[PDB]
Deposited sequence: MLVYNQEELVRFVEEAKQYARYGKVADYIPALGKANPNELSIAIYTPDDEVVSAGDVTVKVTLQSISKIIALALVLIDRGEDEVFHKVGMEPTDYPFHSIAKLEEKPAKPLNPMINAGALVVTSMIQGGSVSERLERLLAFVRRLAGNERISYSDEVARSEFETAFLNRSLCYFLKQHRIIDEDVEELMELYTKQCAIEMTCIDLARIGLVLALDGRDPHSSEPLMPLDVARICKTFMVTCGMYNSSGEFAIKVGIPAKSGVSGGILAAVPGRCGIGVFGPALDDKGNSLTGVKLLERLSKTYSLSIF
């Protein structure tokens, strides 16, 4: 069973019929301008080929998908012992997939200023995605940063309990820019493929991250990667995936494929409605479930 492009196109057309029932994120003004009728998917396989369908030219922000990359970069630089003293393993320290825990992970990114810390993250993202031209959306970063009262509430909370000791406005500058990193579904799928090959570049078999770090990321993508519905996603789809409210889903099917999906129309629970239907269809038809 290889992934037939024409087959992908058909799944995309079916899933797009759900766009009417979803709604784009509108609490961040710049995301409210997204098209709920867009849907794109890429699947990257270990032969280092990719198949894709739908609106694949559209660059979309990672949003909470970036929490998985920042976790992986922190784990590399600091090691598992230190990271898991600051954040938790459980869906006691804060989970790194929830906003409060992600901010602690972001405050741990190495570098002497916002731009150097961001550059360390962008360089890492560019390597995983096999695309040196990846950057962030300045409009979306600015729209997040003007409007982010609850993330500021959590930064101050974290400061008060002495979990972090950074300047909140500088931590928020880094975090909103991390969330505003943008790419196509093709780039996102390749990041998933690296995770699926336990950290190895699919082109050069270079370890982009340690096997232990790839594994750690995948565990969190099963136990708590889909917002407040990971348990339902495990039952109905059954692959490691991380979602964000711009409509992205990054998935890593161990040893098999990276998948990247962008469908801006979200369900009532903040996950891509069009994207999850597409992945439900794909998982069933290709027997992707790890369970």
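No C-alpha positions are given for the deposited-sequence stretches 1, 93-108.
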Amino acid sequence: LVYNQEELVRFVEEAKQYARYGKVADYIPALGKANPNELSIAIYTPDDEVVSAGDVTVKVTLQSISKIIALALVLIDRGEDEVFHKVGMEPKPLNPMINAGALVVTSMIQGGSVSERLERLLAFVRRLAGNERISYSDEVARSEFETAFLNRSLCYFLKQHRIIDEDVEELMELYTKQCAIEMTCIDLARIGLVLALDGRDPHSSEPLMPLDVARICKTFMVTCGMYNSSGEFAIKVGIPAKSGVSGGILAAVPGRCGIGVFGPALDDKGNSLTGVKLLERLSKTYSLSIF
From here on, numbers count along this sequence of modelled residues.
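Legend: mean Cα B-factor per stretch from the PDB entry, 185-193 versus 79-87; the higher mean is in 79-87. Of the two stretches examined, 204-212 and 145-153, the record assigns the greater average C-alpha temperature factor to 204-212.
Of the candidates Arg117, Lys177, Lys218, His161, it is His161 whose Cα B-factor is highest according to the PDB record. Per the deposited record, the Cα B-factor of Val24 falls in the highest third when ranked against the other modelled residues of its chain. Ranked against the other modelled residues of its chain, the C-alpha B-factor of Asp165 as given in the entry falls in the highest third. In the deposited entry, the Cα temperature factor of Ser40 places it in the middle third of its chain's modelled residues. The deposited CA B-factor of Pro46 belongs to the highest third of values across its chain. Remark: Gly199 belongs to the highest third of its chain, ranked by C-alpha B-factor as recorded.
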